[PDB]
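The structure under discussion appears below in the form of structure tokens.
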Number of protein chains: 2
Amino acid sequence: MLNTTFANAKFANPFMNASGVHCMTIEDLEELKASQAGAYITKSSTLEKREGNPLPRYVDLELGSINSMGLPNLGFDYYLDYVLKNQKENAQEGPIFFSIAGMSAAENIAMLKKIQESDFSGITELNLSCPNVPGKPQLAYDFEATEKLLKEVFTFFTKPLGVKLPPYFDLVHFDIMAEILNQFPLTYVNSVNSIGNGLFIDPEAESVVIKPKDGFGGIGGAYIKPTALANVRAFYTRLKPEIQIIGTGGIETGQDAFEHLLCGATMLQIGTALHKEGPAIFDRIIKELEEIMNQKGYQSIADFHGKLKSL
Amino acid sequence: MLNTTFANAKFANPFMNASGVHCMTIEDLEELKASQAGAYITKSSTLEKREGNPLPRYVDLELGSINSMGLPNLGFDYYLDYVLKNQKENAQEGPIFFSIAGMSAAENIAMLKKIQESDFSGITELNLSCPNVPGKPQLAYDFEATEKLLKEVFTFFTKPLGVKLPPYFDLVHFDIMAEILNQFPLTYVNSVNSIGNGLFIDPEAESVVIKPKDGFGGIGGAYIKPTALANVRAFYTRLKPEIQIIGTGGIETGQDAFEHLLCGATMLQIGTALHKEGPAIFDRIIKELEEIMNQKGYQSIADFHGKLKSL
Ligand SMILES: Cc1cc2nc3c(=O)[nH]c(=O)nc-3n(C[C@H](O)[C@H](O)[C@H](O)COP(=O)(O)O)c2cc1C
Ligand SMILES: Cc1cc2nc3c(=O)[nH]c(=O)nc-3n(C[C@H](O)[C@H](O)[C@H](O)COP(=O)(O)O)c2cc1C
Ligand SMILES: [Mg+2]
Ligand SMILES: [Mg+2]
């Protein structure tokens, strides 16, 4: 019942891991391949391997999570080499997603050039929103810089490309971003990355809970679902139909998934919940969503996709 | 134990209602005066009385609330007339706060000029962040427009003035705003107003829960505490000491209050929790905070104010 068509490809279901969660190593990736996830994406990579920020840098919270990982990853070449080899095995339905988060415009262009020249036939996700890199603000909050980068990207990148965006909180910002994005042959928009620079405090110790950036980190989980749903819906009613949407944020139950789909998301990514539960979450949430559909008499996501009703 | 000095005035405790909650009518205000709240603030007013947005426009949520009130208020003259008469009675310790949220720069300047010319001896709060006025984005997200307005304001406004700000999620934005604000003889910064344009969905009805703006509304409550604490802390380490801070967002228990104070807030405002519990909340939360202080051996807020520890 969850069969999904996205980026002109077929997926068994819309569920995926969110970049950064359970996708650091080849072992992690193979575990996602073995799970019931409809598709999976690699950890955002940089040209060179990164150790990331000092620990502790991730903490589970009652209402979600907080983190400042600092883009730890095994490097662009590691992930490219992996996806290229798996591609040749045709051992999975649906292409693999490849996330990149260059430390600079030049690095992003360099990696995109390499992907374009390689035989990679999967999907690429350009991360314009990492909120945990010291001294490096979220690019997608600089509309001018974002448009400038994308224009250069599309002068050469012809393969499927999506952009991971930070959350927006003003309708005019959605209008501005949509106008910018609609001018490009983008495959999709992924809303949203973590709510940036939040803070969690241990009242007993009177201190923060993560070491980097004086305790400031990206917030995920139940805390951000209202924002995530709003972003998915706001872009759904503004983006040209050629640009599909991946919904990310606060997805833990079939009900949460149902809500994102009702808003307009086609694919769904799970971050915090997956970090806590492991790959087994996919089998659980798929069953929860199917139960909701069965109760409503729905046999396909098309029966309710994007049909959220206004009052 | 909670005696507080703010804007050169003395308050019995730091607790107040958040503008917009339990402060619409004179009756509401008198109820706050009768409560244990250390101080209170009026509903943000406009030059003309406003009916606000269509109902339903406010809904209680398990993790907080969502709303799109649309600035319903009885008009500037109603509130000014009230505070002026109440001022003459000397029936309360600490000045009353007066919030204004003009529909335009001209409207804000007009109200500020009227306050300046009146005998009002209390504190004024300029709302630069209402996220529920259709076609009117949050001014504080337009740094240029914000600085331009404040420069004009301070060419004539000499009375205590604070600004209610929306939440920021990028450290560079805190830097930019702090630089702008530090050039003025501002009395305080109030962080934060609601997380803007969030969405809540009733999965059974497959629809939004508020009527205006297709269901998009300001999010308050537990959902936003991480963001609220971060904003209070980020400005505390960036603002010149002359500018104090009012912490607002996700305050429901003494522990939540303790956390805001630990971050650097001097006064504390309660929105969602007060909306749900009523003025009795002040008695409860004051006792909860005092119990926390007693267990830690603290006899004054100065014992921990702004002392949040980094790792
Ligand atoms: C530990 C951790 C690491 C993350 N790293 C990345 C990353 O490398 N690239 C990216 O686009 N998003 C990253 N994110 C953000 C997620 O992809 C997702 O957007 C966020 O957690 C919101 O979803 P959630 O509510 O399900 O957690 C990370 C999140 C977490 C919790
Ligand atoms: C029903 C309602 C009305 C509000 N109206 C105003 C307003 O007129 N002026 C203002 O500065 N903030 C207004 N706010 C926002 C609050 O002052 C406060 O910043 C927000 O609710 C975050 O605090 P909380 O987590 O305790 O609810 C309103 C909030 C609610 C829930
Ligand atoms: Mg599989
Ligand atoms: Mg009283």
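Here, A, B, ... name the chains of the structure tokens in the order displayed, residue numbers run from 1 inside each chain, and ligands are numbered from 1 in the same displayed order.
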
Expected selection as a PyMOL selection string for ligand 2 within 7 Å, only C-alpha atoms and all ligand atoms
chain B and resi 18-21+43-44+58+65-67+69+71+99+127+129-130+164+192-194+220-222+224-225+248-251+269-273

Mind dumping the selected residues with C-alpha atoms as a tab-separated table (two decimals), in the first residue's frame?
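Saved result, selection14.tsv, follows:
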chain	number	residue	atom	x	y	z
B	18	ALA	CA	3.37	37.08	28.69
B	19	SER	CA	1.70	39.76	26.56
B	20	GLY	CA	-1.40	38.38	24.86
B	21	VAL	CA	-2.32	36.07	27.74
B	43	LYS	CA	-2.09	42.92	25.53
B	44	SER	CA	-0.17	44.34	22.55
B	58	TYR	CA	-6.25	29.11	19.79
B	65	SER	CA	-0.25	25.58	22.18
B	66	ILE	CA	-0.81	26.98	18.70
B	67	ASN	CA	-2.58	30.23	17.89
B	69	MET	CA	-5.15	35.45	17.40
B	71	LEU	CA	-3.84	40.94	17.54
B	99	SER	CA	2.90	46.55	24.97
B	127	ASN	CA	6.52	44.15	19.79
B	129	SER	CA	7.56	39.90	16.29
B	130	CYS	CA	3.83	39.14	16.00
B	164	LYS	CA	9.80	41.74	22.17
B	192	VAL	CA	11.07	35.03	22.79
B	193	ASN	CA	7.73	35.50	21.06
B	194	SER	CA	6.18	32.31	19.61
B	220	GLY	CA	4.32	28.07	22.45
B	221	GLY	CA	4.87	25.80	25.44
B	222	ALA	CA	7.20	22.85	25.95
B	224	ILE	CA	9.84	25.98	22.36
B	225	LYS	CA	11.80	25.94	25.60
B	248	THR	CA	9.75	34.03	27.81
B	249	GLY	CA	9.00	30.58	26.45
B	250	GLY	CA	8.09	27.18	27.82
B	251	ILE	CA	7.91	28.30	31.44
B	269	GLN	CA	6.94	35.76	31.44
B	270	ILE	CA	4.41	32.93	31.28
B	271	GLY	CA	2.15	32.51	28.27
B	272	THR	CA	0.76	29.08	27.42
B	273	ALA	CA	0.91	27.74	30.99

What would you get as a tab-separated table (two decimals) with C-alpha atoms, in the first residue's frame if chain B were moved onto chain A by least squares over all of its C-alpha atoms in order?
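Result saved to superposed.tsv:
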chain	number	residue	atom	x	y	z
B	1	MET	CA	-0.04	-0.01	0.09
B	2	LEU	CA	2.98	2.27	0.52
B	3	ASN	CA	4.47	1.95	-2.97
B	4	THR	CA	5.93	5.34	-3.88
B	5	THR	CA	7.22	7.05	-7.02
B	6	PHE	CA	9.83	9.76	-6.37
B	7	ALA	CA	12.42	11.36	-8.67
B	8	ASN	CA	11.04	9.07	-11.39
B	9	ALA	CA	12.09	6.02	-9.37
B	10	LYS	CA	10.07	3.33	-7.59
B	11	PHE	CA	10.34	2.71	-3.85
B	12	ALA	CA	8.58	0.03	-1.77
B	13	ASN	CA	7.62	2.64	0.83
B	14	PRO	CA	8.44	6.31	1.57
B	15	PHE	CA	10.54	5.76	4.70
B	16	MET	CA	14.25	6.55	4.88
B	17	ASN	CA	16.81	7.42	7.52
B	18	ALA	CA	17.56	11.14	7.87
B	19	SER	CA	21.11	12.03	6.83
B	20	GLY	CA	23.44	11.95	9.82
B	21	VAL	CA	21.63	9.08	11.54
B	22	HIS	CA	22.77	5.46	11.18
B	23	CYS	CA	24.67	6.14	7.94
B	24	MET	CA	28.27	6.95	8.89
B	25	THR	CA	29.97	3.71	7.85
B	26	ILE	CA	29.49	1.07	5.19
B	27	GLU	CA	28.32	-1.19	8.02
B	28	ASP	CA	25.64	1.35	9.00
B	29	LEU	CA	24.53	1.66	5.38
B	30	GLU	CA	24.31	-2.10	4.86
B	31	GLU	CA	22.15	-2.27	7.98
B	32	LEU	CA	19.78	0.27	6.46
B	33	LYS	CA	19.76	-1.70	3.20
B	34	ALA	CA	18.80	-4.81	5.16
B	35	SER	CA	16.01	-2.99	7.02
B	36	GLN	CA	12.50	-2.29	5.73
B	37	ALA	CA	13.40	1.31	4.87
B	38	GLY	CA	12.20	2.16	1.37
B	39	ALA	CA	15.45	4.01	0.73
B	40	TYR	CA	18.45	5.39	2.57
B	41	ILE	CA	20.88	8.27	2.44
B	42	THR	CA	24.55	8.63	3.35
B	43	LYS	CA	25.96	10.88	6.07
B	44	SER	CA	26.63	14.37	4.68
B	45	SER	CA	30.22	14.34	3.50
B	46	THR	CA	33.02	16.85	3.08
B	47	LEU	CA	36.03	16.56	0.77
B	48	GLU	CA	38.23	15.53	3.71
B	49	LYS	CA	37.45	13.02	6.46
B	50	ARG	CA	36.28	14.84	9.62
B	51	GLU	CA	36.46	13.81	13.26
B	52	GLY	CA	33.67	16.23	14.18
B	53	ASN	CA	33.17	18.18	17.42
B	54	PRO	CA	34.29	17.19	20.96
B	55	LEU	CA	32.07	14.87	23.03
B	56	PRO	CA	29.51	14.78	24.46
B	57	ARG	CA	27.87	16.02	21.26
B	58	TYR	CA	24.56	14.13	21.19
B	59	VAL	CA	22.01	13.68	23.96
B	60	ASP	CA	18.60	11.96	23.99
B	61	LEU	CA	15.85	14.13	25.44
B	62	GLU	CA	12.35	13.28	26.61
B	63	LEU	CA	10.91	15.35	23.76
B	64	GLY	CA	13.57	14.65	21.15
B	65	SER	CA	17.30	15.26	20.94
B	66	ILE	CA	20.00	17.91	20.82
B	67	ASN	CA	23.32	17.60	19.02
B	68	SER	CA	26.34	19.40	17.62
B	69	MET	CA	28.08	16.54	15.80
B	70	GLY	CA	30.22	18.87	13.69
B	71	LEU	CA	29.86	16.91	10.45
B	72	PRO	CA	31.93	13.87	11.39
B	73	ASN	CA	32.26	11.75	8.24
B	74	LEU	CA	34.67	9.44	6.42
B	75	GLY	CA	35.17	11.74	3.45
B	76	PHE	CA	33.64	12.19	0.01
B	77	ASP	CA	35.75	9.48	-1.66
B	78	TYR	CA	34.70	6.87	0.91
B	79	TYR	CA	30.99	7.36	0.24
B	80	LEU	CA	31.33	7.76	-3.54
B	81	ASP	CA	33.39	4.57	-3.79
B	82	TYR	CA	30.73	2.75	-1.77
B	83	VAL	CA	27.65	3.88	-3.71
B	84	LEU	CA	29.40	3.18	-7.03
B	85	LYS	CA	30.14	-0.43	-6.10
B	86	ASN	CA	26.73	-0.96	-4.57
B	87	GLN	CA	25.11	0.45	-7.73
B	88	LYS	CA	26.75	-2.29	-9.81
B	89	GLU	CA	25.14	-5.06	-7.76
B	90	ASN	CA	21.48	-4.14	-8.46
B	91	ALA	CA	20.74	-5.51	-4.99
B	92	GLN	CA	18.03	-3.03	-4.03
B	93	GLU	CA	14.85	-1.41	-5.36
B	94	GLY	CA	15.38	2.32	-5.71
B	95	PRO	CA	18.57	4.41	-5.92
B	96	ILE	CA	20.67	5.38	-2.91
B	97	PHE	CA	20.77	9.03	-1.82
B	98	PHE	CA	24.13	10.79	-1.50
B	99	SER	CA	24.41	13.79	0.82
B	100	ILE	CA	27.12	16.44	0.59
B	101	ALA	CA	27.78	19.38	2.91
B	102	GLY	CA	30.90	21.17	1.72
B	103	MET	CA	32.71	23.48	4.13
B	104	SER	CA	32.50	26.11	1.38
B	105	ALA	CA	30.89	26.87	-1.98
B	106	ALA	CA	34.08	25.71	-3.70
B	107	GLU	CA	33.99	22.41	-1.84
B	108	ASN	CA	30.35	21.82	-2.80
B	109	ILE	CA	31.02	22.61	-6.45
B	110	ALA	CA	34.04	20.29	-6.40
B	111	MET	CA	32.05	17.36	-5.00
B	112	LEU	CA	29.12	17.97	-7.36
B	113	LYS	CA	31.53	18.00	-10.30
B	114	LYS	CA	32.98	14.68	-9.16
B	115	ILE	CA	29.51	13.15	-8.81
B	116	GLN	CA	28.53	14.48	-12.25
B	117	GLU	CA	31.67	12.99	-13.79
B	118	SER	CA	31.31	9.65	-12.00
B	119	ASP	CA	28.93	6.89	-13.10
B	120	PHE	CA	26.72	7.55	-10.06
B	121	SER	CA	23.11	7.01	-11.13
B	122	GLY	CA	21.52	7.68	-7.75
B	123	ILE	CA	20.15	10.83	-6.13
B	124	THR	CA	22.21	13.66	-4.61
B	125	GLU	CA	21.21	15.85	-1.67
B	126	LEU	CA	22.94	19.21	-1.20
B	127	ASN	CA	22.90	20.17	2.48
B	128	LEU	CA	22.47	23.93	2.80
B	129	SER	CA	21.57	23.84	6.49
B	130	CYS	CA	24.03	22.21	8.90
B	131	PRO	CA	23.66	24.25	12.12
B	132	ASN	CA	26.58	22.68	14.00
B	133	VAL	CA	29.70	23.85	12.13
B	134	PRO	CA	31.49	26.50	14.25
B	135	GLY	CA	31.82	29.81	12.41
B	136	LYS	CA	29.72	28.54	9.52
B	137	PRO	CA	26.10	29.77	9.43
B	138	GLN	CA	23.29	27.94	7.62
B	139	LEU	CA	23.68	28.95	3.97
B	140	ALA	CA	19.95	28.62	3.24
B	141	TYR	CA	19.30	31.61	5.50
B	142	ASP	CA	21.29	33.76	3.07
B	143	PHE	CA	18.93	33.88	0.08
B	144	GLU	CA	21.44	35.77	-2.06
B	145	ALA	CA	24.28	33.31	-1.44
B	146	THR	CA	21.91	30.38	-1.94
B	147	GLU	CA	20.68	31.55	-5.33
B	148	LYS	CA	24.24	32.33	-6.45
B	149	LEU	CA	25.42	28.83	-5.55
B	150	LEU	CA	22.48	27.05	-7.19
B	151	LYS	CA	22.87	29.01	-10.42
B	152	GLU	CA	26.48	27.83	-10.70
B	153	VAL	CA	25.52	24.28	-9.75
B	154	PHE	CA	22.97	24.01	-12.54
B	155	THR	CA	25.36	25.24	-15.20
B	156	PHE	CA	26.78	21.70	-15.08
B	157	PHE	CA	24.91	19.32	-12.74
B	158	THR	CA	22.35	17.34	-14.73
B	159	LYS	CA	21.76	14.44	-12.32
B	160	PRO	CA	18.93	14.23	-9.75
B	161	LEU	CA	19.52	16.88	-7.10
B	162	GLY	CA	17.62	17.85	-3.97
B	163	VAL	CA	18.39	20.41	-1.27
B	164	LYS	CA	18.19	19.88	2.49
B	165	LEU	CA	16.81	23.08	4.00
B	166	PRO	CA	16.70	24.56	7.50
B	167	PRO	CA	13.29	25.50	8.91
B	168	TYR	CA	11.72	28.87	8.01
B	169	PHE	CA	9.30	30.71	10.30
B	170	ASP	CA	7.96	33.58	8.20
B	171	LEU	CA	5.68	33.18	5.19
B	172	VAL	CA	7.59	35.78	3.17
B	173	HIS	CA	10.69	33.62	3.54
B	174	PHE	CA	8.84	30.66	2.03
B	175	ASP	CA	7.80	32.94	-0.84
B	176	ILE	CA	11.35	34.16	-1.41
B	177	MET	CA	12.85	30.67	-1.30
B	178	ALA	CA	10.16	29.16	-3.52
B	179	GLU	CA	10.77	31.84	-6.16
B	180	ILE	CA	14.49	31.08	-6.04
B	181	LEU	CA	14.08	27.31	-6.19
B	182	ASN	CA	11.37	27.27	-8.88
B	183	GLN	CA	13.80	28.68	-11.46
B	184	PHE	CA	15.89	25.50	-11.31
B	185	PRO	CA	15.38	21.91	-12.50
B	186	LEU	CA	15.61	20.72	-8.88
B	187	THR	CA	14.39	17.21	-8.12
B	188	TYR	CA	13.26	17.94	-4.57
B	189	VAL	CA	13.38	19.95	-1.36
B	190	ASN	CA	13.93	18.21	1.98
B	191	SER	CA	12.35	20.08	4.91
B	192	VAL	CA	13.56	20.22	7.55
B	193	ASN	CA	17.03	19.98	9.06
B	194	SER	CA	17.20	20.53	12.85
B	195	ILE	CA	15.79	23.63	14.52
B	196	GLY	CA	19.11	25.42	14.86
B	197	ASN	CA	21.03	26.42	17.95
B	198	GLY	CA	18.67	25.34	20.68
B	199	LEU	CA	19.77	24.82	24.28
B	200	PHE	CA	19.14	22.10	26.87
B	201	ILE	CA	20.12	22.46	30.51
B	202	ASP	CA	20.64	20.01	33.37
B	203	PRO	CA	19.10	22.02	36.24
B	204	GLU	CA	20.85	20.01	38.94
B	205	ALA	CA	24.34	20.47	37.52
B	206	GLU	CA	23.38	23.96	36.34
B	207	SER	CA	25.15	23.26	33.05
B	208	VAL	CA	24.57	22.50	29.38
B	209	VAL	CA	24.60	18.88	28.15
B	210	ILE	CA	26.82	19.00	25.07
B	211	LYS	CA	30.40	20.28	24.91
B	212	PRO	CA	30.69	22.14	21.63
B	213	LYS	CA	29.46	25.70	21.13
B	214	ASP	CA	28.76	26.25	24.84
B	215	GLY	CA	25.93	23.73	24.67
B	216	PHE	CA	24.06	25.11	21.65
B	217	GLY	CA	22.89	22.44	19.23
B	218	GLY	CA	20.36	21.32	16.65
B	219	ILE	CA	17.00	20.26	18.08
B	220	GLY	CA	15.10	17.28	16.66
B	221	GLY	CA	12.19	15.07	17.66
B	222	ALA	CA	8.75	15.93	19.02
B	223	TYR	CA	9.93	19.48	19.69
B	224	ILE	CA	10.05	20.26	15.98
B	225	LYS	CA	7.12	18.48	14.36
B	226	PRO	CA	4.90	21.59	14.20
B	227	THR	CA	7.71	23.44	12.42
B	228	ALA	CA	8.56	20.50	10.16
B	229	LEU	CA	4.94	19.99	9.07
B	230	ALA	CA	4.55	23.73	8.41
B	231	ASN	CA	7.65	23.80	6.21
B	232	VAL	CA	6.58	20.74	4.25
B	233	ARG	CA	3.10	22.22	3.72
B	234	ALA	CA	4.28	25.76	2.94
B	235	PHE	CA	6.62	24.56	0.19
B	236	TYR	CA	4.04	22.10	-1.14
B	237	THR	CA	1.66	24.96	-1.95
B	238	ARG	CA	4.46	27.13	-3.41
B	239	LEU	CA	6.84	24.87	-5.33
B	240	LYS	CA	6.19	23.99	-8.96
B	241	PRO	CA	4.99	20.36	-9.24
B	242	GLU	CA	8.30	19.34	-10.85
B	243	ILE	CA	9.94	19.75	-7.44
B	244	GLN	CA	8.80	17.06	-4.99
B	245	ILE	CA	9.23	17.09	-1.22
B	246	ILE	CA	10.88	14.89	1.39
B	247	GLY	CA	9.39	15.40	4.83
B	248	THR	CA	11.74	15.27	7.81
B	249	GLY	CA	11.15	16.16	11.44
B	250	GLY	CA	9.46	14.63	14.45
B	251	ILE	CA	8.51	11.39	12.72
B	252	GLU	CA	8.20	8.60	15.27
B	253	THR	CA	4.79	6.98	14.73
B	254	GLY	CA	2.59	6.07	11.79
B	255	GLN	CA	0.44	9.05	12.74
B	256	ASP	CA	3.41	11.41	12.38
B	257	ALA	CA	4.15	9.91	8.96
B	258	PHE	CA	0.49	10.24	7.98
B	259	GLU	CA	0.58	13.94	8.86
B	260	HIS	CA	3.68	14.67	6.76
B	261	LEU	CA	2.15	12.85	3.77
B	262	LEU	CA	-1.13	14.72	4.28
B	263	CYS	CA	0.92	17.94	4.03
B	264	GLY	CA	2.53	17.01	0.72
B	265	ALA	CA	5.71	15.06	1.51
B	266	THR	CA	6.41	12.15	-0.87
B	267	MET	CA	9.38	10.55	0.91
B	268	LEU	CA	9.81	10.61	4.71
B	269	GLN	CA	13.02	10.65	6.74
B	270	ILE	CA	13.50	9.59	10.36
B	271	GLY	CA	16.30	11.03	12.45
B	272	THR	CA	15.96	11.17	16.23
B	273	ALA	CA	13.54	8.22	16.47
B	274	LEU	CA	15.86	6.03	14.38
B	275	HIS	CA	18.86	7.07	16.47
B	276	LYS	CA	17.02	5.82	19.57
B	277	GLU	CA	15.31	2.70	18.18
B	278	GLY	CA	17.61	1.40	15.46
B	279	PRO	CA	16.58	0.06	11.99
B	280	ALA	CA	13.76	-1.98	13.52
B	281	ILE	CA	11.79	1.26	13.55
B	282	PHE	CA	11.03	0.95	9.85
B	283	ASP	CA	9.09	-2.30	10.32
B	284	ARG	CA	7.13	-0.77	13.19
B	285	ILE	CA	6.24	2.55	11.57
B	286	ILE	CA	5.31	0.94	8.25
B	287	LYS	CA	2.81	-1.26	10.07
B	288	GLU	CA	1.48	1.70	12.06
B	289	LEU	CA	0.90	3.71	8.89
B	290	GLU	CA	-0.77	0.79	7.11
B	291	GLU	CA	-3.12	0.33	10.07
B	292	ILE	CA	-4.14	4.00	9.86
B	293	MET	CA	-4.80	3.60	6.14
B	294	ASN	CA	-6.76	0.37	6.67
B	295	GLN	CA	-9.01	2.02	9.26
B	296	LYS	CA	-9.66	4.86	6.80
B	297	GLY	CA	-10.15	2.47	3.89
B	298	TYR	CA	-7.13	3.79	2.00
B	299	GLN	CA	-5.13	1.43	-0.23
B	300	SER	CA	-2.55	3.91	-1.53
B	301	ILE	CA	-0.80	7.05	-0.33
B	302	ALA	CA	-2.42	8.81	-3.30
B	303	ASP	CA	-5.72	8.52	-1.41
B	304	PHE	CA	-4.61	11.27	0.98
B	305	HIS	CA	-1.30	12.70	-0.25
B	306	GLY	CA	-1.31	16.49	0.12
B	307	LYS	CA	-5.01	16.51	1.02
B	308	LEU	CA	-4.64	18.32	4.36
B	309	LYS	CA	-7.86	20.30	4.88
B	310	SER	CA	-8.07	23.94	5.93
B	311	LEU	CA	-10.98	25.15	8.07

May I have all residues of stretch 60-222 of chain B that DSSP, computed from the backbone, assigns to alpha helix (DSSP H), given as an MDAnalysis selection string?
chainID B and resid 76:89 105:117 143:153 171:181

Using the chain letters and numbers from this document, which residues of stretch 147-293 of chain A does DSSP assign to strand (DSSP E), as a ChimeraX atom specification?
/A:161-165,188-191,195-199,201-202,207-208,216-220,244-248,267-270
